[PDB]
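Going by PDB author numbering, 43 is the number at position 43 of the sequence shown; the sequence numbering is gapless. C-beta: ideal position from N, C-alpha, C; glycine also. Let me begin by presenting the structure, written as structure tokens, before commenting on it.
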Amino acid sequence: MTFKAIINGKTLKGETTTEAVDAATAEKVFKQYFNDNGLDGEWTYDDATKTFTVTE
Numbered sequence: 001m002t003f004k005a006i007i008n009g010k011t012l013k014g015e016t017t018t019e020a021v022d023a024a025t026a027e028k029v030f031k032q033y034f035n036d037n038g039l040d041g042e043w044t045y046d047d048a049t050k051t052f053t054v055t056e
């Protein structure tokens with residue numbers, strides 16, 4: 001499946017894509033990075049445009 005991920009930060013802002021079979025498969029890799037930075041951000045699935053919004 002073709003998906004995208006957008007970050008909404010005040011200091012660090014970017015934009016990357018995500019290509020995985022399911023949402024869980026792609027999440028497994030996300031949870032691993034969540035600790036890498038140890039940030040407290042909130043993820044949101046925007047099915048409206050098939051994009052993942054991250055509002056910290």
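Residue i by DSSP, collapsed to three states: which one?
| i | result |
| --- | --- |
| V21 | coil |
| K28 | helix |
| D36 | helix |
| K4 | strand |
| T53 | strand |
So residue i packs on residue j, CB below 8 Å; how close in whole Å?
| i | j | result |
| --- | --- | --- |
| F34 | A5 | Actually they are not in contact, since the Cβ atoms of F34 and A5 sit about 13 Å apart, beyond 8 Å. |
| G38 | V54 | Not a contact, Cβ separation roughly 15 Å. |
Whole angstroms is fine: what's the gap from residue i's alpha carbon to residue j's?
| i | j | result |
| --- | --- | --- |
| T18 | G9 | 19 Å |
| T25 | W43 | 16 Å |
| residue 97 | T11 | For the chain, the structure presents residues 1 to 56; residue 97 sits outside this window and is missing. |
Suppose the cutoff is 8 Å on Cβ atoms and the five residues either side in sequence are ignored; what does the same chain contact list for residue i look like?
| i | result |
| --- | --- |
| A48 | none |
| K50 | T2, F3 and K4 |
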